[PDB]
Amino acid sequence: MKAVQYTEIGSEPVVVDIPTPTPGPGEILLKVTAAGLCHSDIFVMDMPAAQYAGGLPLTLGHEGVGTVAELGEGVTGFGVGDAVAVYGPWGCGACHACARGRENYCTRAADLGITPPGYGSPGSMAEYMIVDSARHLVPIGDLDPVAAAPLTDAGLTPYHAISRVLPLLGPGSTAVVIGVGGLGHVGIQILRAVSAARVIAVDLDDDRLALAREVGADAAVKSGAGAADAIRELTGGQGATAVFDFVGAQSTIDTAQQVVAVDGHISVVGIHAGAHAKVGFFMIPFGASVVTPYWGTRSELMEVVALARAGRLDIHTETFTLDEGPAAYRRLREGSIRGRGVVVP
């Protein structure tokens, strides 16, 4: 089968031909219908060899949807042909976090060598993929696969980040979304669906500010040195109840600390090596919590799928073939994908 793989440190990924896998006991083989590209793939491919823990070669793609092609020995709960999304942050399934579906926060996965598809286990950027267990599949019914693939991370990750503090986001609240990319353009829409927060989008690119308004942001403002003042002009001196930073550069985290309200929240979702919030007296308002969330929970993925099925999420995509995979990653690097890139095998 055709697949897109990261094969050597510092190089671009390449299209390869590798055997179509066979599902062992408990496993499910999916025929992949859509595979999302994520900026985390770029972060992973830019890690030095000392840090990189994905293994070589690695089939990329941690945003996967498909149809059940083959059931491994003893697998029940799905039939051949069922359309399914892959729950990505695989955990042990047995610890206190996993028992609540919070496999993203599994305390045993490292020790047991459990790694996610697309970063240690083979991903969805291939014609077929193996899923380890039935509990890592969620039905999507007749959802269009191209718009469904991003739900698994571009949807799930912002959904989790927002869910952590949703009780803060009542009528009268403001939520700032920094970075209107794959994650951010879905995060705006989640905020509008599950809260009455006023949503203010922030991006470097004027076309992405237009995208923000298209998907329901109440205002959209230019990122950089003037952003904090511009957000404060919109909120008055109260600031923003919550800031969801999907960039996570030092400059954006600084903007976040300069606009967050007393008893508010900053979610540092975007990943930039070394960047961090500085949480201390006189550097941040009283009561303003900060976290780096990771991916999301099993029940959250089901909720994201439910939002998509109800028509609440308009996922902006561009479609690529497997052969165009490497080219698509270059597009993502240069910032020329409006929304989410999706490979269709």
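Sequential numbering from 1, following the sequence displayed.
Tell me which of 72-80 and 149-157 has the higher mean C-alpha B-factor in the deposited entry.
Mean CA B-factor is higher for 72-80.
Comparing 31-39 with 51-59, the one whose average Cα B-factor in the PDB entry is higher:
Result: 51-59.
Have a look at 108, 208, 100, 136 and flag the one whose Cα has the highest B-factor in the entry.
Each of 108, 208, 100, 136 was compared by C-alpha B-factor; the highest is 108.
Which of these, 240, 273, 140, 202, has its C-alpha atom at the highest B-factor, as the entry lists it?
By C-alpha B-factor in the record, 273 ranks first.
Within this chain's modelled residues, let me know which third the CA B factor of residue 127 belongs to: lowest, middle or highest.
Highest third.
State the tercile, meaning the lowest, middle or highest third, of residue 26 with respect to the CA B-factors recorded for its chain.
For residue 26, the deposited C-alpha B-factor lands in the highest third.
Ranking the modelled residues of this chain by C-alpha B-factor as given in the entry, is residue 169 in the lowest, middle or highest third?
It falls in the bottom third of the chain.
Using the temperature factors of the C-alpha atoms in this entry, rank residue 226 within its chain: lowest, middle or highest third.
For residue 226, the deposited C-alpha B-factor lands in the middle third.
Based on the deposited C-alpha B factors for this chain, I'd like to know if residue 85 is in the lowest, middle or highest third.
For residue 85, the deposited C-alpha B-factor lands in the middle third.
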